[PDB]
Amino acid sequence: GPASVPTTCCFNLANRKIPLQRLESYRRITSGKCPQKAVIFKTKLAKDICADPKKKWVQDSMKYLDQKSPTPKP
Amino acid sequence: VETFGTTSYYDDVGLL
């Protein structure tokens, strides 16, 4: 099933933001991996991006994905 | 510190 334990996590949170054109979907990091239960906007970039649900582009990014249908799991 | 929030994020684009 899913996985993300291997070396793959931002020191914490990003900074400026992420372009909506590349951004695909978001995902939360619970369990214990990565700091805080922050959302992870993934894109065709080359790696995962960390961001806490506080900064504007963070709440606005997922809010924009709400309109469309990212086609998530059942 | 710095500025965790600003317009654009890949002004270079070619960064890819």
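Counting begins at 1 with the first residue displayed.
Just so it is clear, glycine is given a Cβ too, placed from its N, Cα and C backbone atoms.
According to Swiss-Prot, the features are:
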- A:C9-A:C34: disulfide bond (DISULFID)
- A:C10-A:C50: disulfide bond (DISULFID)
- A:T71: O-linked glycosylation site (CARBOHYD)
Between the residue listed as 'O-linked glycosylation site' and A:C50 (disulfide bond), the C-alpha gap once rounded to whole angstrom: 21
Which same-chain residues, if any, lie at least 6 apart from A:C34 (disulfide bond) yet have Cβ under 8 Å of it: A:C9, A:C10, A:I40, A:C50
Entry from the disulfide-bonded residues list A:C9, A:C10, A:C50 having the most other CB atoms no farther than 10 A: A:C50
Three-class DSSP secondary structure - A:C50 (disulfide bond): strand
